[PDB]
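Everything below, folded, please.
(one chain, ligands or ions: 1)
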Amino acid sequence: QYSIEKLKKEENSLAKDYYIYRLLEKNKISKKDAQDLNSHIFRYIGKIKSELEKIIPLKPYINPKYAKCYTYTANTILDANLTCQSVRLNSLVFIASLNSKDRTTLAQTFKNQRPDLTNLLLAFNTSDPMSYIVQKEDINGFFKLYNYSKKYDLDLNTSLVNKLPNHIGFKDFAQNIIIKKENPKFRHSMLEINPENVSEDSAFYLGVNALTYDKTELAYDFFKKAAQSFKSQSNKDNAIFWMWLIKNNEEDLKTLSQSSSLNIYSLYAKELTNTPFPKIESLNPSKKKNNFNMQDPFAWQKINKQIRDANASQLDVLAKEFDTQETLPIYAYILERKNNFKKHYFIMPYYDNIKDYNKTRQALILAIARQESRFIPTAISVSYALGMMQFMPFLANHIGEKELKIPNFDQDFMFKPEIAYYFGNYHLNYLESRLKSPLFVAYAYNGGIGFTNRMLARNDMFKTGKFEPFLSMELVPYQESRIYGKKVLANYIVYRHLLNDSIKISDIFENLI
Ligand SMILES: CC(=O)N[C@H]1[C@H](OCC2=Nc3cccc[n+]3C(=O)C2)O[C@H](CO)[C@@H](O)[C@@H]1O
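Numbering: from 1, shown residues only. Here you go, the structure:
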């Protein structure tokens, strides 16, 4: 392994973070090594933060200007100057902590300048603050209360619900309560939001909301508004698909069958309309090799930043440089960006390691690897998932040390295609044998089998129903996994096709119920 001094000479990157983390967790960083260190951390969040602050806990940070203001409590707040008073009253917990006499006083003080404060102050002098804020139609206060406690739930009138989307907090709020199935009175009130007043994801989610109460008309209008406003074509297609499912206008399905975006919805539309399968590019570079060390994590991280920080002209220079068999995953990575994501790249690198698996298992492996890494051997994620199949270190060690007992096993073996594909196959077997559907497998690869089993046990998920299974696909409670499923499923269809082992996507959907 590389020492801390040798890491310090490399550019900040997720690779460097990973390796610093690995020293940390094996307790190989002294208090003296850890001094100048958070100048060397590319992204100072998560576990590397936790770990480095067990050595050097951070004193900061409260602004030197308001330092005075954090020396008062709910007992001494009326002794605070007027700035200090207003600063501390940013916290709804602080306000809750005050007694009701002090709230009445402070509320008189602020009714002129800060009636936002006044309203919250007076709100916490009632048994139900939300109800007070709702009656005042204080939008800022509504969201402060929502962030403070998710437990307030109350019917909102048309006037008020239509003001809510104007606030930055609305999107997360709506997605939260609709996916989690919380705040039933909020959700029911959101049926009266005018579609004119929302766009993009908010409008999409309000469409899902409307379906759950069997309000198909409002749902369509919500989905329509989502389709017209969405930035990405994939999302636009998701919304058009619903537009069609609800009303069945063939204009909508045709638009969807003709989409440039390859996704489960455009694939399904093409199947229903007898539209041919989309053009999949074919990359067979003659040249066999170049310099590039495909096993070097640091080399990838630098070439990666070059590919993001590159004008459409610098890309052509990289494309030609990496036009080899050895660097085929990079070639395709560059190409994908270069042609502005209009062409469809579905490579099959390191094929010898999977050619003996049945074709259906091959497709799943490839589908997962495409989404997880675009087949970059030394790919590292923000949570330090490793290699082409993006194994979390816990699971990689459990498999390699305990289950497959590989000799001299290190987790950096996940950077090896032969290992990635083999551990991938192993883990996929465990999941397929319990879940069957490759969609369900995909949810569990990403978010674990506990989460997936909890979801399938539910009465209202992946059961029979008017809009099933598409509705349940919209209600998978982890956003990361909800998206991952859709994408891996589309990769699966495509890879089964390229492997001369086609399946109708409608068959996939029937076996979800
Ligand atoms: C390298 C990386 O961060 N991969 C993550 C992957 O990132 C999606 C990627 N998507 C794309 C898309 C186009 C080009 C390149 N990439 C990537 O390199 C990675 O997202 C998954 C969840 O959906 C994560 O589990 C996975 O670790």
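
Helices of the stretch 101-250 of the chain, start to end?
115-123, 129-135, 139-148, 158-161, 170-180, 184-189, 200-212, 216-229, 233-247, 250-257 (DSSP state H, counting those that start in this stretch).

How far does the fourth one sit from its chain's centre?
Its chain's average C-alpha position is 30 Å from that of helix 158-161, according to CA atoms, centre = their mean, to the nearest Å.

Would you mind listing what in the protein touches the ligand?
371-374, 379, 381, 385, 390, 446, 480, 484 (CB under 6 Å from any ligand atom). Yep, even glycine has a C-beta here, placed from its N, CA and C like the rest.

neighbour-wise, which of those residues leads?
Within the residues of the chain next to the ligand, most neighbours by other CB atoms under 10 Å means residue 379, with 26 neighbours.

Test my guess that it contacts residue 371.
No - Residue 379 lies out of contact with residue 371 (CB atoms under 8 Å); the separation is 11.4 Å.

which ones are touching residue 153?
Neighbour list for residue 153: 130, 182-186 [criterion: CB atoms under 8 Å, 6 or more residues apart in numbering].

State the distance from it to residue 184.
Residue 153 is 7 Å from residue 184, where distance means CB to CB, to the nearest Å.

Please apply the same query to residue 409.
50 Å.

Repeat that for residue 272.
Counting by CB to CB, the gap from residue 272 to residue 184 is 35 Å.

what does residue 356 give?
Applying CB to CB to residue 356 and residue 184 gives a distance of 53 Å.

more neighbours, these two?
Ranked by neighbour count (other CB under 10 Å), residue 356 and residue 184 place residue 184 first, with 11 against 8.

Contact partners for that one?
Shown in contact with residue 184 (CB under 8 Å, 6+ apart): residue 153.

redo that, cut-off 6 Å
By CB atoms under 6 Å, 6 or more residues apart in numbering, no residues touch residue 184.

Can you report how many residues lie near the residue in the stretch 101-250 of the chain that the ligand sits nearest to?
Nearest to the ligand, among the residues of the stretch 101-250 of the chain, is residue 234, at 11.5 Å (CB to the nearest ligand atom). Look at residue 234: counted by other CB under 10 Å, it has 21 neighbours.

Show only the entries of the residues of the chain next to the ligand found in helices.
371-373, 446, 480, 484 (DSSP state H).

In contact with the residue in the stretch 251-400 of the chain positioned nearest to the ligand, which residues?
In the stretch 251-400 of the chain, the residue that lies nearest the ligand is residue 381 (3.3 Å; CB to the nearest ligand atom). Listed by CB under 6 Å, 6+ apart, the contact partners of residue 381 are residue 390.

what's the spacing between it and residue 300?
Taking CB to CB, one finds residue 381 at 13 Å from residue 300.

Likewise for residue 152?
Separation of residue 152 from residue 300 (CB to CB) stands at 48 Å.

any idea how far the ligand is from residue 60?
29 Å (CB to the nearest ligand atom, to the nearest Å).

Please identify the helix or strand for that residue.
Following DSSP states H and E, one finds residue 60 outside all helices and strands.

Buried ones among the contacts of residue 153?
For the contacts of residue 153, a burial check counting by 16 or more other CB atoms under 10 Å picks out 130, 183, 186.

Taking the ones in helices among the residues of the chain next to the ligand together, which two end up most distant?
Farthest-apart pair in these is 373 and 480; separation 15.4 Å (CB to CB).

Show me the contact partners of stretch 50-66.
24, 31, 34, 70, 87.

Skipping adjacent residues, who's closest to the residue of the stretch 1-150 of the chain found nearest the ligand in space?
Residue nearest to the ligand within the stretch 1-150 of the chain (CB to the nearest ligand atom): residue 14, separated by 8.1 Å. Spatial nearest neighbour of residue 14, chain neighbours left out: residue 380 (4.8 Å); criterion: CB to CB, 6 or more residues apart in numbering.

who does the helix or strand hosting residue 425 touch, helix- and strand-wise?
Secondary-structure assignment from DSSP H and E places residue 425 in helix 417-435. The contact analysis (3 or more CB pairs under 6 Å, 6 or more residues apart in numbering; DSSP states H and E) places helix 417-435 against helix 438-447.

Buried residues, the helix it packs on. List them.
Going by neighbour count (16+ other CB under 10 Å), the buried part of helix 438-447 is 438-447.

what's the angle from that helix to helix 417-435?
Relative orientation of helix 438-447 versus helix 417-435 (axes from the mean of the first three to the mean of the last three CA atoms, to 10 degrees): 120 degrees.

Could I get the buried residue list for the helix or strand following helix 438-447?
Next in sequence after helix 438-447, counting helices and strands by DSSP H and E, comes helix 449-457. Across helix 449-457, burial judged by 16+ other CB under 10 Å covers 449, 451-452, 455-456.

now do stretch 68-88
Applying a neighbour-count criterion of 16+ other CB under 10 Å, the buried positions in stretch 68-88 are 69, 72, 77, 80, 84-88.

that older thread, just give me how far the helix holding residue 425 sits from the chain centre.
Mean-position distance between helix 417-435 and its chain equals 23 Å (CA atoms, centre = their mean).

Could you figure out how far that helix is turned away from helix 449-457?
If you take the same axes, to 10 degrees, helix 417-435 sits at 30 degrees to helix 449-457.

Now do helix 417-435: everything it contacts.
Identification of contacts with helix 417-435 by CB under 6 Å, 6+ apart yields 350, 353-354, 364-365, 377, 387-389, 399, 413-414, 441, 444.

if we go to 8 Å?
By CB under 8 Å, 6+ apart, helix 417-435 touches 349-350, 353-354, 357, 361, 364-365, 368-369, 377, 387-389, 391, 395-396, 399-400, 403-404, 406, 413-414, 438, 441, 444-445, 449, 452.

Assign a three-state SS to residue 344, would you?
Under DSSP: H, G, I helix; E, B strand; the rest coil, residue 344 falls in the coil class.

how close does residue 106 sit to residue 145?
18 Å.

In terms of neighbours, single out the busier of those two.
Using other CB under 10 Å as the criterion, residue 106 and residue 145 rank with residue 106 on top: 24 against 21.

need the contact list for the more buried one.
By CB under 8 Å, 6+ apart, residue 106 lies in contact with 77-78, 85, 89, 98, 117, 121.

ok, now with 7 Å
The contact partners of residue 106, by CB atoms under 7 Å, 6 or more residues apart in numbering, come to 85, 121.

Quick check: it vs residue 506, distance?
63 Å.

Most distant residue from the centre of the chain?
In terms of distance from the mean C-alpha position of the chain, residue 79 ranks first, at 46.1 Å (CA atoms, centre = their mean).

And the nearest residue to it once chain neighbours are set aside, its phi and psi?
What sits nearest to residue 79 in space, not counting adjacent residues and going by CB to CB, 6+ apart, is residue 72, at 6.8 Å. Here the main-chain torsion angles of residue 72 (degrees, to the nearest 10) amount to phi -110, psi 160.

Repeat that for the one 3 residues further on.
Listed backbone geometry of residue 75 is phi -90, psi -30, with angles given as degrees, to the nearest 10.

Distance check, it against residue 503.
Separation of residue 75 from residue 503 (CB to CB) stands at 69 Å.

what's the answer for residue 192, then?
Taken as CB to CB, the span from residue 192 to residue 503 is 42 Å.

what do you get for residue 203?
According to CB to CB, residue 203 stands 33 Å off from residue 503.

Same question for residue 361.
Going from residue 361 to residue 503 by CB to CB gives 13 Å.

Which one of those two is surrounded by more residues?
Neighbour count, other CB under 10 Å: between residue 361 and residue 503, residue 361 has more, with 17 against 14.
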